[PDB]
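Participant: I am attaching a structure below and will ask some questions about it afterwards.
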Amino acid sequence: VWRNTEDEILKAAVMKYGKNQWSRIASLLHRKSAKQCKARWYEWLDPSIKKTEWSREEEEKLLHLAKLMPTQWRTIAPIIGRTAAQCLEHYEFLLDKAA
Amino acid sequence: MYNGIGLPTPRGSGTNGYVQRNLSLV
Amino acid sequence: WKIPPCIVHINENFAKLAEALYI
Amino acid sequence: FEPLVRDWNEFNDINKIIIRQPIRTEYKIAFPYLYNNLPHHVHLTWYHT
Amino acid sequence: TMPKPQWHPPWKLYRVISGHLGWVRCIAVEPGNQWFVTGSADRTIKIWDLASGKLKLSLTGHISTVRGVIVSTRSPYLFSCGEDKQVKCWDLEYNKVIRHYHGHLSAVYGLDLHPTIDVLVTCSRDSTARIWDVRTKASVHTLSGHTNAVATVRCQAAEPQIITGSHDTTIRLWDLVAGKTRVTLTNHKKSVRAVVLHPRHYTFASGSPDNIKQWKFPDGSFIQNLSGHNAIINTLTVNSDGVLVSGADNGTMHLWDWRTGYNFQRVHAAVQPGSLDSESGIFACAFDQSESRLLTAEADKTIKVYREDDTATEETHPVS
Amino acid sequence: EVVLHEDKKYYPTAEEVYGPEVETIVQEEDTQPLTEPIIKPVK
Amino acid sequence: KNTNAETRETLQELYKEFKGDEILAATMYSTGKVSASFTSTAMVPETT
Amino acid sequence: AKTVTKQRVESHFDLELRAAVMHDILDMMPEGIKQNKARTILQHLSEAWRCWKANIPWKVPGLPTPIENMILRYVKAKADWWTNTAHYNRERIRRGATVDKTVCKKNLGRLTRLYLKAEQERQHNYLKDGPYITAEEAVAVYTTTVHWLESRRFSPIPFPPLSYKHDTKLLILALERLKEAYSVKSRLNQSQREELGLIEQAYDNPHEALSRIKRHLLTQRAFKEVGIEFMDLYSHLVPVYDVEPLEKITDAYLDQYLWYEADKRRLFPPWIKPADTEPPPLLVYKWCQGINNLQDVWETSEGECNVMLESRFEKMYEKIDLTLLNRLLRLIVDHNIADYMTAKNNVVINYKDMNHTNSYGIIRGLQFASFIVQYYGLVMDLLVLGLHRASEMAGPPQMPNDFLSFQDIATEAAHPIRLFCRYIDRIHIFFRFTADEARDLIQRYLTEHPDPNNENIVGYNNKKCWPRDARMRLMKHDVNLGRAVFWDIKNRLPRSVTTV
Amino acid sequence: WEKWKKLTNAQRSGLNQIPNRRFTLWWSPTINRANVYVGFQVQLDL
Amino acid sequence: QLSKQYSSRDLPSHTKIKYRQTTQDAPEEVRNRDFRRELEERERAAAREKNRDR
Amino acid sequence: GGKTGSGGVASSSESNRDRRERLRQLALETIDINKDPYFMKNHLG
Amino acid sequence: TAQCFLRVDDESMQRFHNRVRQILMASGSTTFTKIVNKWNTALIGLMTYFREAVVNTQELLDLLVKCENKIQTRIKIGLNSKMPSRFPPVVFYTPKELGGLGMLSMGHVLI
Ligand SMILES: [Mg+2]
């Protein structure tokens, strides 16, 4: 997986080189490859991904979609602005709070 | 006799294009 | 004339589809 | 020599023909125009010397 | 001011030919008026019937954009000129290239023919023009002296015989036999890409984004400005009847009176269905030999043909 | 009127963009094979 | 479509209970829509 | 003064494109008096081209219009040139004129980019012009599948149990299938070394694996992204999808499991035919030998007509619809597995630097996609045959039939459709009509698509490989029956599902 | 017949010449005969 | 300073100019012709052709 | 096609040493761009 | 009661031909014996699928003659000559135990 040290070495590398030179950033990292680099940045370390609490309209929209287009999380997520893993966990979480 | 048998040109065919008549014809 | 230096839609029949199927 | 330039017909219908003696290239060269369609860039050579 | 200009009828679009696969960059008409010829940036030279607009034939020899074509009055020859630095001589009785004039060092932006002798003039981006002997493919003269791409060249039988307008924004009139510049006209402020000669008036016009200018042979003396068309001007083409068509690069094409300098019509066509609006622009204009039809070659891959309007009168179209 | 992506016409047509009186040819493939000279020779 | 009772009663209840939508109802120099829609096929083409 | 030959064609096109730009505006529509930043308008132009090629919406926020129009015009010129060159070379390669080995690769890369531009547009158009399948067609399809399965007395497939007995057999089969890729053990790479590591450790500890699998299958609905590329077969290309090894293992297992259970419960009736019982040369034999054994099949005395029609379903893997497919899978499996499959088809697909999101069709490079394609094709067999004839062919659920058999002769001769085989998405049907069935069919054909001008004879395509003594003979009645039969079969299939 | 370290690009590609070399040495009194069509004769070095 | 180098392509070839003959379209007949009415004729003839077309 | 006149390929120990050194320059760059007065590199590295 | 006449399909001939084409195309980085191992695999995979549709298709027989002799010619070109007497059949068809290359043939038929 990923550890504070590597995450910060990543942060530094990216912020220097730019966000499409994945192979050199991979080369900076010992035992990490460009697939994992790209994934990590675009899901957890990108600062346009927000880790806050859900507006009520966010949530009501969430449930509206997850009923419209069931199990298509990559398609749903951008229509509300969190990553699909966030959307998925919060949808099960609302389902279970109302369970 | 090129009697409508054979190749136009046996050039790019991988054979010499040599023709003969089926000796066991009858 | 100054030049800067170089460096979703969703239909509404999805809803009527999904709920026609649940019915 | 290498060939100079490079569907259905009725005269070629096999029910209407009589093959009593089969055409050969000697005939098709002796009479270029009788024995050949589209005979182009042809010399008609004959000799009864 | 000036006398009052003649009233000319208007022109109306009546045909739109579509068969090219890139910008259409040059156009020309046969002597005997049966067919015109287009050369395009899809590298083909197409030959269209002028009555119906049917395509009779398409020749493919070039390696890049054909940037100019012309057809010889004296011989059964078409001369093409391209961005591959090559100038070709198509013979129209086998439909085959028979002659090629080698020696330029960058794209050849345009090309013209002498009507009396058999010589050729070509202008290119290496900032020179050249005079070829049609028959022995040899450069008899290299008209040098501009300092940028030589956007256009025209030749005439009177004197001076060769006029080149360039991108260093000056015009030069050249002595052919001597092979050097007589007169240098530095009146334009932006690059000069079109110049034209009147058929019967020992005069010539030269267009640029600033304004068209009229001038007088043979020493090149100012005559008048012509203004209003403020856009990059790709073509000027003058009728026998004092009609002067100025077609621009943002699509618009204005019609004027050669004599008084009065712009009487302004056409703004519409681009072929799937085009952006920034893909409107005119690269070539040509009057037919009856000087009744006007063909244009467009940046949206179309040939727009305009005809003369037969049912208008000075009281339908007042002159200002 | 649900428009299967195979049809999906953008782009107003010719007649609608130019008008009812201007003709519109579309000449892809040409007539007149290459070997038929434009200017004919005499005999 | 008279195919079966499931379909008849389905369309009955659908045209009955089904009413207009909310979220995706709302959610369906120059500006730059030209350049955008031109270097991206994933947009509706403006030509002006 | 050297010519422009074949190796300087691209270099020269760019010399002259960017010269033309520099002439064109950055020095003839300025009024940026200072020093007209032509060196930077050229940088825009090259980034506008990269963004066109990657399908990114390129918009520079504040940039005067004349400059934006100049750039857009010239990028469209370069794009027309690039695309027409791709067309030209693809024809040359297809028929065989080049052996040059950099043109083959340049051209595979050009057509991959063009395919992905067309595809991202097709997904956007889905989400904009809405589900193409109405809420009446979707309901007819759903209800008809329910009636099929209920008359078969199917028994839905349950979640792979905890103490299931066969799971190590199913996982051993999965992993053998996966190693067959790396049979040679070449220089493979990092990623193939890592996949082989995963296979070996899950070969050693087969229960850490099955725990992991059933966990994935239970909780996961957002997966990584898959990469694409093309296999060039010189006459067309084939997509090839690259999935991540962890999920590759979970899907390999799910593949094996679904096929084992489906065949034990008898999901797929016997006309769905890449079947394990014979090879393709044996199917051809059995089809010839089934036709010849139909009852009085070669008689024309009373004016009958046999028609053998065969076609293709023309885009099934690409207008599968993920919501309707989720529900139709739920009729069959455990809602957990239905959801895993349907959410696994909706991933991000990635080529060199273009990315988009699958939302409409099916990724055929998943490992259960065999199952999904054959189940969907079962639903469309039902739309083509109808439930009554499909149930006569498949025979009563207590006593199924074999490939092309019927129970008696009454049932076999009770209908025009006598045989039906559907290879993966290829359809071969054999009809046997009497004189009046044929006459009425042709009547209702002509009534709608009237051919007064005898032009039906023109479109008909036969096999120009036998002599004319052996080809098909186009008489009026014959070609009209052929077209009526096709017109009648192509009407059973909505156009939002598949066509013919 | 004839039953780590990291390599540069041209080692990880380009053929292996040794099996071609030994096919030619084996078949060599045929591939190197004297009755030829056109061919200009030459002595191996030493 | 005229070099003695040379070229395969500059060998003499096509050394006569085909002049446009009497029947093809000599500048004489172009001196004569009436173009407007001839063109009006052929355009009408084509319109009649594509009328009979449809 | 490789080229003639070249050494081998760096061995994992040298690749490791220079991965390390590059990492260190990455660090010096970031602490430069973040201007840290609370930093030292000691006489033991 | 009836006879079935078989032929190889046109698109199957074309797919065989394209398969040989990519053998020859990706062989400037293989050794003679791997070029012939791929030829052998493709030709067995065609003959054992079709098996008597091949006898009856007079267009295959020509395809196989030309394709087999293109493979042989790439091996000659791999050495540096195409003289027909430096390379009799023996060197191509000898089994691989006796050191030959081990080709399997179908182009020595009379057509
Ligand atoms: Mg080198």
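Going by the structure tokens order, chains are called A, B, ..., each with residues numbered from 1, while ligands are numbered from 1 in the order shown.
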Quick one: everything within 7 Å of segment 8-18 of chain G, counting only C-alpha atoms, minus sequence neighbours fewer than 6 positions away in the same chain. Send it as JSON, numbers by chain.
Facilitator: {"C": [20, 23], "G": [2]}
Participant: Using only C-alpha atoms and all ligand atoms, which residues have at least one atom no more than 7 Å from ligand 1? Output them as a ChimeraX atom specification.
Facilitator: /K:1-3
Participant: Residues of chain F were defined as contacting chain G if any atom lay at most 12 Å from it, counting only C-alpha atoms; please report them as a list in words.
Facilitator: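 Only these qualify: residues 8, 9, 10, 11 and 12 of chain F.
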Participant: Based on only C-alpha atoms, which of the residues in chain E come within 6 Å of chain F? I want them as a PyMOL selection string.
Facilitator: chain E and resi 14-19+55-57+92-94+273-274
Participant: Compile the contact shell of residue 26 of chain I as a CSV table (one decimal) with N, CA and C atoms, in the first residue's frame: residues with an atom at most 10 Å away, counting only C-alpha atoms, same-chain residues fewer than 5 positions apart removed.
Facilitator:
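What follows is the written file result_34.csv:
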chain,number,residue,atom,x,y,z
I,20,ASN,N,21.6,-19.2,-36.6
I,20,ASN,CA,21.7,-19.1,-38.1
I,20,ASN,C,23.1,-19.5,-38.5
I,21,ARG,N,24.1,-19.1,-37.7
I,21,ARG,CA,25.5,-19.4,-38.0
I,21,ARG,C,25.8,-20.8,-38.0
I,31,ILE,N,25.5,-24.8,-49.5
I,31,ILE,CA,25.4,-23.4,-49.6
I,31,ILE,C,26.6,-22.7,-50.2
L,91,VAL,N,17.6,-28.7,-47.8
L,91,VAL,CA,18.0,-28.0,-46.6
L,91,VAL,C,16.8,-27.4,-45.9
L,98,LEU,N,18.2,-34.4,-38.3
L,98,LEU,CA,19.3,-34.3,-39.2
L,98,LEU,C,19.7,-32.9,-39.5
L,99,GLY,N,19.3,-32.0,-38.7
L,99,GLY,CA,19.9,-30.6,-38.8
L,99,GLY,C,19.2,-29.7,-39.8
L,100,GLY,N,18.3,-30.2,-40.6
L,100,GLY,CA,17.6,-29.3,-41.5
L,100,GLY,C,16.7,-28.4,-40.8
Participant: Leaving out segment 1-5 of chain C and any residue of its chain fewer than 2 positions from it, which residues lie within 12 Å of it when counting only C-alpha atoms, given as number ranges by chain?
Facilitator: C: 7; G: 29; H: 26, 29-45, 47, 59-68
Participant: Next, the residues of the selection above should be written as a tab-separated table (two decimals), in the first residue's frame with C-alpha atoms.
Facilitator:
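Generated output (out.tsv):
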chain	number	residue	atom	x	y	z
C	7	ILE	CA	1.93	25.81	-20.74
G	29	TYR	CA	-12.33	37.24	-27.12
H	26	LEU	CA	0.76	36.83	-36.59
H	29	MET	CA	-3.74	40.58	-38.53
H	30	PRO	CA	-1.70	42.02	-35.69
H	31	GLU	CA	-2.01	45.35	-33.93
H	32	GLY	CA	-0.15	43.80	-31.08
H	33	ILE	CA	2.31	46.57	-31.81
H	34	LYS	CA	5.08	45.50	-29.47
H	35	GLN	CA	6.59	42.25	-30.81
H	36	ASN	CA	3.76	40.22	-31.83
H	37	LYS	CA	4.30	37.15	-29.66
H	38	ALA	CA	4.30	35.00	-32.75
H	39	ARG	CA	6.60	32.66	-30.88
H	40	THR	CA	3.72	32.06	-28.50
H	41	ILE	CA	0.84	31.84	-30.92
H	42	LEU	CA	2.83	29.04	-32.48
H	43	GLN	CA	2.93	27.35	-29.08
H	44	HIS	CA	-0.79	27.50	-28.85
H	45	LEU	CA	-1.04	25.99	-32.30
H	47	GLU	CA	-0.94	22.51	-28.11
H	59	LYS	CA	-9.92	26.39	-24.67
H	60	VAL	CA	-7.46	29.11	-23.68
H	61	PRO	CA	-9.43	31.46	-21.45
H	62	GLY	CA	-8.71	34.89	-22.80
H	63	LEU	CA	-7.40	34.98	-26.34
H	64	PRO	CA	-8.64	37.33	-29.05
H	65	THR	CA	-11.04	35.90	-31.49
H	66	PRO	CA	-9.05	36.42	-34.73
H	67	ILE	CA	-6.30	34.42	-33.14
H	68	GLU	CA	-8.61	31.69	-31.96
Participant: Env of segment 21-24 of chain A: 10 Å cut, atoms = only C-alpha atoms, seq-sep filter 5 positions within chain, self excluded. Answer as a count of residues only.
Facilitator: 9
Participant: For a test of reading the model, state the distance in Å between atom CA of residue 114 of chain E and atom CA of residue 259 of chain E, rounded to one decimal.
Facilitator: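 Rounded to one decimal, the two atoms are 26.3 Å apart.
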Participant: Specify as a list in words all residues of chain I found within 8 Å of chain K, counting only C-alpha atoms.
Facilitator: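 Every residue meeting the condition is included here: residues 6, 7, 8, 9, 10 and 14 of chain I.
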Participant: Just to confirm, what's the straight-line distance from atom CA of residue 184 of chain E to atom CA of residue 212 of chain E in Å (one decimal)?
Facilitator: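 Separation of atom CA of residue 184 of chain E and atom CA of residue 212 of chain E: 16.9 Å.
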Participant: At a cut-off of 12 Å, which residues of chain K touch chain A? Count only C-alpha atoms and give the answer as a PDB file with C-alpha atoms, in the first residue's frame.
Facilitator:
ATOM      1  CA  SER K  12      21.288  -2.379  -9.298  1.00  0.00           C
ATOM      2  CA  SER K  15      21.111   2.443  -9.870  1.00  0.00           C
ATOM      3  CA  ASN K  16      20.291   2.431  -6.164  1.00  0.00           C
ATOM      4  CA  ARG K  17      23.040   4.886  -5.247  1.00  0.00           C
ATOM      5  CA  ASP K  18      21.875   7.316  -7.892  1.00  0.00           C
ATOM      6  CA  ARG K  19      18.205   6.849  -7.121  1.00  0.00           C
ATOM      7  CA  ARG K  20      19.239   7.905  -3.634  1.00  0.00           C
ATOM      8  CA  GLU K  21      21.199  10.913  -4.845  1.00  0.00           C
ATOM      9  CA  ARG K  22      18.388  12.055  -7.135  1.00  0.00           C
ATOM     10  CA  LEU K  23      16.002  11.733  -4.218  1.00  0.00           C
ATOM     11  CA  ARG K  24      18.294  13.962  -2.204  1.00  0.00           C
ATOM     12  CA  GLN K  25      18.276  16.630  -4.895  1.00  0.00           C
ATOM     13  CA  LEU K  26      14.494  16.357  -4.963  1.00  0.00           C
ATOM     14  CA  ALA K  27      14.594  17.122  -1.252  1.00  0.00           C
ATOM     15  CA  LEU K  28      16.951  20.060  -1.664  1.00  0.00           C
ATOM     16  CA  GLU K  29      14.637  21.428  -4.353  1.00  0.00           C
ATOM     17  CA  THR K  30      11.514  21.201  -2.223  1.00  0.00           C
ATOM     18  CA  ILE K  31      13.166  22.704   0.848  1.00  0.00           C
ATOM     19  CA  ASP K  32      14.453  25.422  -1.476  1.00  0.00           C
ATOM     20  CA  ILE K  33      11.009  26.163  -2.939  1.00  0.00           C
ATOM     21  CA  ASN K  34       9.668  26.121   0.605  1.00  0.00           C
TER      22      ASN K  34
END
Participant: Produce a table with one row for each residue of chain B that has an atom at most 8 Å from any atom of chain L, each row naming the nearest atom pair and its distance in Å at one decimal; use only C-alpha atoms; arrange rows by chain and rising residue number; format as JSON lines.
Facilitator:
{"residue": "B:13", "atom": "CA", "partner": "L:66", "partner_atom": "CA", "distance": 5.7}
{"residue": "B:14", "atom": "CA", "partner": "L:66", "partner_atom": "CA", "distance": 5.3}
{"residue": "B:15", "atom": "CA", "partner": "L:65", "partner_atom": "CA", "distance": 7.8}
Participant: Output N, CA and C atoms for every residue in the selection just made, as a PDB file, in the first residue's frame.
Facilitator:
ATOM      1  N   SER B  13       4.774 -16.109 -59.062  1.00  0.00           N
ATOM      2  CA  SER B  13       3.885 -17.186 -58.676  1.00  0.00           C
ATOM      3  C   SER B  13       4.551 -18.289 -57.884  1.00  0.00           C
ATOM      4  N   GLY B  14       5.866 -18.287 -57.757  1.00  0.00           N
ATOM      5  CA  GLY B  14       6.502 -19.359 -57.030  1.00  0.00           C
ATOM      6  C   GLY B  14       6.553 -20.687 -57.745  1.00  0.00           C
ATOM      7  N   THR B  15       6.229 -20.728 -59.031  1.00  0.00           N
ATOM      8  CA  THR B  15       6.334 -21.925 -59.844  1.00  0.00           C
ATOM      9  C   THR B  15       6.986 -21.529 -61.157  1.00  0.00           C
TER      10      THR B  15
END
Participant: Just want the 10 Å neighbourhood of residue 117 of chain E, counted on only C-alpha atoms, with same-chain residues fewer than 4 positions away dropped. Output as a PyMOL selection string.
Facilitator: chain E and resi 74+113+133-134+157
Participant: Give the helix (DSSP H, G or I) residues of segment 14-102 of chain L, as assigned by DSSP on the backbone, as a PyMOL selection string.
Facilitator: chain L and resi 14-25+32-50+58-78+90-93
Participant: Determine, counting only C-alpha atoms, which protein, DNA and RNA residues have an atom within 8 Å of an atom of residue 15 of chain I; residues of the same chain fewer than 6 positions away are not included. Present the result as a list in words.
Facilitator: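 Non-adjacent residues within range: residues 28, 29, 30 and 31 of chain L.
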Participant: Write a file of the selected residues as a CSV table (one decimal), in the first residue's frame, keeping N, CA, C and O atoms.
Facilitator:
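Output below, filename out_5.csv:
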chain,number,residue,atom,x,y,z
L,28,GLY,N,12.6,-10.3,-38.7
L,28,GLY,CA,13.9,-9.8,-39.0
L,28,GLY,C,14.5,-9.8,-37.7
L,28,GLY,O,15.6,-9.4,-37.4
L,29,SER,N,13.7,-10.3,-36.8
L,29,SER,CA,14.1,-10.6,-35.4
L,29,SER,C,13.8,-12.0,-35.0
L,29,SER,O,13.5,-12.2,-33.8
L,30,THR,N,13.8,-12.9,-35.9
L,30,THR,CA,13.7,-14.4,-35.6
L,30,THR,C,14.8,-15.1,-36.3
L,30,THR,O,15.3,-14.7,-37.4
L,31,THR,N,15.0,-16.3,-35.8
L,31,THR,CA,16.0,-17.2,-36.4
L,31,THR,C,15.3,-18.2,-37.3
L,31,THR,O,14.1,-18.5,-37.1
